[PDB]
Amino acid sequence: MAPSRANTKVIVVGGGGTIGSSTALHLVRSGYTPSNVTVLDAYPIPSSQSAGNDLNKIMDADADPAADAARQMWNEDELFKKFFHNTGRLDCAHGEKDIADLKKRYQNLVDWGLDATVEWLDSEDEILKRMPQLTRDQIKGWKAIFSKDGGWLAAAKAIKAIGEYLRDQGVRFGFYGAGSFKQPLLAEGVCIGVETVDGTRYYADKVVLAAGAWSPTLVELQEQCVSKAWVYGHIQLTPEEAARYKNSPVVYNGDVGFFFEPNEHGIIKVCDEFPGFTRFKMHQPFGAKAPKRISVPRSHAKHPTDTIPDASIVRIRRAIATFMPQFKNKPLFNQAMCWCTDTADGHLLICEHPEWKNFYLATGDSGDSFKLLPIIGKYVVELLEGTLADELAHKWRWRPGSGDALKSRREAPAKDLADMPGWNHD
């Protein structure tokens, strides 16, 4: 019957990204033999097109079991702890609608699962006493929640640290044409390996597809996942300017955008807040009988001259003019699109393929899974071994026809890059 952990060969497709690197880590921590694990990625770990290849991501206070288990590891696991910056978060709102919603969010913590960590800031001057770097004339009528819990995650560094640990263990890697998945290798309905674009054939007992936004492009997912991009750009502070924002909280206003503490090189990343962009084109995933119109990521790693739409730049410039008016003349550089894939309900897609035995999906990240990096591979290993909790097996199940992922649980259906000029410089 089935091999032991030490004798099981596993291929992790997308193992240079978030879910895939975590899966490879948890296979080695679980006592799989490192040389029996093969990481395949289009790009070397940390993949240059991974959504986790970022200077920073937010760590919030999500009460979910996966998020809580990840939070404990960001605080306690020596591989990850140094990459969690506990700056806290300043969530601001203005206008009657946004303030009323913020006030209810705050009350839902008092009423329910404790505040302790959280403060209501009921005026401009209370926001300024927390964050003196803001400008009063730009925050007229604002209120905020200040949370001391959470902060930001040094995302690319964390995936790089997993990759170094995996290399030092003796995990096997294939990248570029030797890593770019083309198709599963099927033998009478059982997946026994993968073929890459260069024609290399890798054989294993189990295959994990952790290909992020590329997952519905690579195999037929029946629109369960729809891929979308979000945007950012960067500004460079002088050492004196950057020292003002040492340990600064993540600052967010849902009408405006958000920005992070400068990194150790003085760079602040600034983001819009919006429902994402698709990039529909004709493509034929493995298991599709003909080409289909699907959202296919427009990869900045493949197209490094790409930037972001003009509309996005206007929004990011508005966010800088509002949060950091003293920096409005700094150029916005290293502008990029970053891709995720939404399910209709925003829950993960972590399941065995219904026809291809031993081929597992680990995707549906839905734009909020970087914080799960330390833990998510544990659940994927449980899935491979048949021990995943039944409630999670159901929540993460194969579910075509379960709702429109174009809108997902977001405010609107995503707009398409074909309609949003300014990002293509070919």
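Sequential numbering from 1, following the sequence displayed.
Quiz item: Which of the two stretches, 70-78 or 331-339, shows the higher mean Cα temperature factor in the record?
Solution: Per the PDB entry, the higher value belongs to 70-78.
Quiz item: For the C-alpha atoms alone, is the average B factor greater in 166-174 or in 90-98, going by the entry?
Solution: Per the deposited B-factors, the answer is 90-98.
Exercise. By the entry's C-alpha temperature factors, tell me which of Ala24, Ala412, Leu417, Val13 sits highest.
Key: Among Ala24, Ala412, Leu417, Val13, the highest C-alpha B-factor in the entry belongs to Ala412.
Quiz item: What's the residue among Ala290, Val194, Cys225, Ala154 with the greatest CA temperature factor in the PDB record?
Solution: So the option with the highest C-alpha B-factor is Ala290.
Quiz item: Which third, lowest, middle or highest, does the CA B-factor of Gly212 fall in along this chain?
Solution: Lowest third, going by the recorded CA B-factors of the chain.
Exercise. Tell me, lowest, middle or highest third: where does the Cα B factor of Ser402 rank within its chain?
Key: Ranked within chain, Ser402 CA B lands in the highest tercile.
Exercise. Can you work out whether the C-alpha temperature factor of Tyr245 puts it in the lowest, middle or highest third of the chain?
Key: As the PDB entry reports it, the C-alpha B-factor of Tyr245 lands in the highest third of its chain.
Quiz item: According to the PDB entry, is the CA B factor of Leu186 in the bottom, middle or top third of its chain, that is, lowest, middle or highest?
Solution: Answer is highest: the recorded C-alpha B-factor places it there.
Quiz item: So where's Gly367 on the chain's Cα temperature factor ranking, which third?
Solution: It belongs to the lowest third of the chain when residues are ordered by C-alpha B-factor.
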